[PDB]
Structures are given as structure tokens and as C-alpha cells.
Amino acid sequence: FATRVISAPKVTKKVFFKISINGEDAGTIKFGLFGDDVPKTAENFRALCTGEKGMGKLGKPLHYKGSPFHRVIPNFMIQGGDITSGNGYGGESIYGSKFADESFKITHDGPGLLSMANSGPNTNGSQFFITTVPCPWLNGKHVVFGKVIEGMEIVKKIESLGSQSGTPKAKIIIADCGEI
């Protein structure tokens, strides 16, 4: 017996980041994941939040805890999730290697969307970005899989610490993370 009329992917799992900036607590971002529509991508992100898969194949934890927001661009997006080298050139999915683009059905229509960073077709790992504006030119190239449901103010604060090139002007860390 259906009862809702939703104009968006349904949120099926909720996760969070606790953010530190230059070593100080900056608040919590909460995310809703679109697990009915992109389950493999949603499940990857969820498991990296909890750390429950333990160690990956590259000698590093399959866990977002401690990873930085390494590229931060005002009026575009903020990007993080390098859990291997922790500097923006690495990352690892829970599936053992990069994984395929699951679906491009969900587009970059607005700010606050969670989407996979990549290095071309079918190269999803752990790195992600959060949009701060509509990014339609990224449609068909990046898999959207969730959205900010609380703490968009924190995303905007992070965004304000970036630069046009993306080099951050502060050290922004996922100090803790998990599933709600």
C-alpha cells in the first residue's frame, strides 16, 4: 500500500561525518543514501563510514575516519575520501578494486548531493564529492548516490576554506564517522 509521492530517490540508509578543522570540532554532517536506486554504490559508502570491512588490500583500513577533504572549491564542490594515501591521489572500494559506474539516472541537479569522484569510466573507489551548486555538466560521468540531510551549514563552512584551484586553506578531516 503505497503512501508517498517523492520527487527524488528515496533515502534508505543514513550515515554521518564528524568534521574537524585545524584540529577543532566543527560539527556533524549527516547523509541520506539512495540504496534502492544505486545499492552497490550506497553500500560502498556506508561500509566505509562504519569501517566494518576491516583492512583493505593496500594495507590501509577500509574506513573514512581520518581522511581529509583534500580539494575544496567555492561555488563548485568539496571532495574527500582518499583512505589510502590520504592526499587525493588514492582510494579503495570495499569490492577489492575500483568498481563500475552503477547508474547515471540521478543527476547533479543541485547543491548537497553526494557523488563519486573518479578518473574516468568505471573507476569508482572511495573518493566522493559533495556539490555546493548544480553541476549538470557532470551528468553521465559521476554516479550520484546520496544527499546531505543535516549539516549543510558545515559543508558551506568547509567550502569557504577552499580556493579556485581547490587547494584547501585549512586542514579539514573526517574526525569520526558511522551509520545512523
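This entry lists X-ray crystallography as its structure determination method and reports a resolution of 1.89 Å.

Considering the pairing of strand β2 (residues 24-33)
Where strand β1 (residues 13-21) lies against β2, nine bridges are found, and the strand directions are antiparallel. Bridging across to β2, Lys18 finds its partner in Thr28. Hairpin remark: β1 followed by β2, antiparallel, with two residues in the connecting loop; positive phi at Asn22, about 50°.

A word on the pattern of salt bridges
If you walk through the whole model with that rule in mind, you get six salt bridges. Salt-bridge contacts for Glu52 lead to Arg46; the nearest nitrogen and oxygen are separated by 2.9 Å. Here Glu52 falls in the partly exposed class, since its relative accessible area comes to 47%. Where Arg46 meets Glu179, a salt bridge forms, and the shortest distance between an N and an O atom there is 2.9 Å. Of this pair, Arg46 sits in helix α1 (residues 39-50) while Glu179 sits in strand β8 (residues 172-179), and the two are 133 residues apart along the sequence. A relative accessible area of 9% means that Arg46 is categorised as buried. Judged by its relative accessible area of 35%, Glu179 is partly exposed.

Description of the UniProt feature "domain: PPIase cyclophilin-type" (unreviewed entry) in the protein chain
Per the UniProt record, the feature "domain: PPIase cyclophilin-type" (unreviewed entry) sits at residues 16-179. The straight-line gap between the two end C-alpha atoms of residues 16-179 is 6 Å; of that span, 12% is helix and 29% is strand.

Remarks on the sheet that holds β1
Pairing within the open sheet is antiparallel, and its eight strands lie in the order β3-β4-β6-β5-β7-β2-β1-β8. At either end of the open sheet lies a strand with only one pairing partner, and these are β3 (69-73) and β8. Averaged over neighbouring strand pairs, the angle between their axes works out to 25° when direction is ignored. Relative to strand β6 (residues 128-131), strand β4 (residues 77-80) runs antiparallel, the two being bridged by four bridges.

Quick look at the packing of aromatic side chains
Within this structure, the stated rule accounts for 13 aromatic pairs. Considering the side-chain rings of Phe45 and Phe145, the 5.1 Å spacing of their centres and the 55° angle between planes classify their relative orientation as tilted. Note that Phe45 is positioned in helix α1 and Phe145 in strand β7 (residues 144-150), a separation of 100 residues in sequence. Here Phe45 and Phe145 have matching classes, each one buried. An aromatic cluster is defined as three or more aromatic residues linked by ring pairs; in this entry it consists of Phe17, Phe31, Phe45, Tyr64, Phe69, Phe128 and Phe145.

What counts, and at which threshold
Residues numbered from 1 in each chain as written, not as in the entry; some residues may be left out. Heavy atoms only, no water. Pairing = 2+ DSSP bridges. Helix = DSSP H or I, 4+ residues; strand = E, 2+ residues; numbered from the N terminus. Salt bridge = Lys/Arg side-chain N within 4 Å of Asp/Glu carboxyl O. Buried < 20%, exposed > 50% of the residue type's maximum accessible area, 1.4 Å probe, protein only. UniProt positions renumbered as here; feature names shortened; annotations may be inferred. Axes fitted to C-alpha atoms, helices over the stretch in contact; angles between N-to-C directions. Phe/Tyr/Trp six-rings, centres within 6.5 Å; stacked < 30°, edge-to-face > 60°.

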